[PDB]
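Everything on this sheet refers to the single structure shown next.
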Amino acid sequence: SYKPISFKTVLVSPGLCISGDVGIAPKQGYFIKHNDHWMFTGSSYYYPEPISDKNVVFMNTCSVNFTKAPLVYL
Amino acid sequence: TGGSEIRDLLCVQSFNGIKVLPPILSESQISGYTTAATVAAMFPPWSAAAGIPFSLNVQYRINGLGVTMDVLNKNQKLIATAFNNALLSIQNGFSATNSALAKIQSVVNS
């Protein structure tokens, strides 16, 4: 069995609206803040990776309580 | 030990050597375990709900059946209202002659 031995506390987000009412959500992980731009992180190992479409489930519209950031493009 | 009633069966059984010992864990502890599991499922960190907010978990579970995501987050208020209504109905349904109570009184009476 896989087993962690150390931990780190970070601020996460389950999704965000990035364009004209579109939604993105992580496949298995979270979105984290790093200097005014968001990156994906796996849910069992802390490693910032750039925003891709292979780790993101697209949405036709985002939820009302998702974070708002028109700056992120995809 | 101290009483004025004689038609009870449990006292006669206990005096005749037949006795039902309490379990090693009290039901208060098991209720605390179920409460802890439910709270960890609901509040962050979402341990029992695969690390995601509960409403979004309901949204994704409904979407996986075939429901599109456009109508899901535009019906979130009525989805939560329907979930609360289902919880209240399943709460109030135990007052009638339900089937779960049929099993519980079945094992007790057996």
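Residues are referred to by chain and number: the chain letter is A, B, ... according to the order shown in the structure tokens, the number counts from 1 in that chain, and ligands are numbered separately from 1 in the order shown.
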Give me, as JSON, numbers by chain, all polymer residues having an atom no more than 12 Å from residue A:53, counting only C-alpha atoms and skipping those fewer than 3 positions away in the same chain.
{"A": [24, 25, 26, 27, 40, 49, 50, 56, 57, 58, 59, 73, 74]}
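Looking only at stretch 15-65 of chain A, the set that DSSP places in strand (DSSP E) from backbone geometry is residues 16, 17, 23, 24, 25, 26, 29, 30, 31, 32, 33, 38, 39, 40, 41, 42, 56, 57, 58 and 59 of chain A.
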For the residues in the current selection, export C-alpha atoms as a PDB file, in the first residue's frame.
```
ATOM      1  CA  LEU A  16     -12.917  28.124 -11.121  1.00  0.00           C
ATOM      2  CA  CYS A  17     -14.556  30.029 -13.974  1.00  0.00           C
ATOM      3  CA  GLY A  23     -16.094  25.739 -15.876  1.00  0.00           C
ATOM      4  CA  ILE A  24     -13.015  23.629 -15.214  1.00  0.00           C
ATOM      5  CA  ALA A  25     -12.549  21.053 -12.456  1.00  0.00           C
ATOM      6  CA  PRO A  26      -9.539  18.888 -11.564  1.00  0.00           C
ATOM      7  CA  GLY A  29      -6.424  16.834  -7.486  1.00  0.00           C
ATOM      8  CA  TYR A  30      -6.891  20.508  -6.699  1.00  0.00           C
ATOM      9  CA  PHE A  31      -6.130  23.975  -8.034  1.00  0.00           C
ATOM     10  CA  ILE A  32      -3.628  26.015  -6.021  1.00  0.00           C
ATOM     11  CA  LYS A  33      -2.552  29.649  -6.051  1.00  0.00           C
ATOM     12  CA  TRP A  38      -3.409  28.807 -10.882  1.00  0.00           C
ATOM     13  CA  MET A  39      -1.768  25.396 -11.238  1.00  0.00           C
ATOM     14  CA  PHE A  40      -2.907  21.808 -10.791  1.00  0.00           C
ATOM     15  CA  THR A  41      -1.584  19.579  -8.010  1.00  0.00           C
ATOM     16  CA  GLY A  42      -2.101  15.859  -7.529  1.00  0.00           C
ATOM     17  CA  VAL A  56      -9.341  18.856 -16.360  1.00  0.00           C
ATOM     18  CA  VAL A  57     -13.002  17.932 -16.811  1.00  0.00           C
ATOM     19  CA  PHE A  58     -14.676  20.629 -18.900  1.00  0.00           C
ATOM     20  CA  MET A  59     -18.047  22.174 -18.069  1.00  0.00           C
TER      21      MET A  59
END
```
Restrict the distance test to only C-alpha atoms, flag each residue of chain A within 9 Å of chain B, and return the flagged residues as a compact mmCIF listing (two decimals) with C-alpha atoms, in the first residue's frame.
```txt
# COMPACT_ATOMS: atom_id res chain seq x y z
CA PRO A 14 -12.24 22.69 -6.34
CA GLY A 29 -6.42 16.83 -7.49
CA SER A 43 -4.18 14.75 -4.57
CA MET A 59 -18.05 22.17 -18.07
CA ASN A 60 -20.65 23.93 -20.18
CA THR A 61 -21.20 26.35 -17.29
CA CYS A 62 -19.51 26.75 -13.92
CA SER A 63 -21.03 26.64 -10.46
CA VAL A 64 -22.13 29.81 -8.70
```
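DSSP annotation of stretch 64-97 of chain B from backbone atoms: helix (DSSP H, G or I) residues are residues 64, 65, 70, 71, 72, 73, 76, 77, 78, 79, 80, 81, 82, 83, 84, 85, 86, 87, 88, 89, 90, 91, 92, 93, 94 and 95 of chain B.
Our summary of the geometry notes that atom CA of residue B:90 is positioned 23.3 Å from atom CA of residue B:60.
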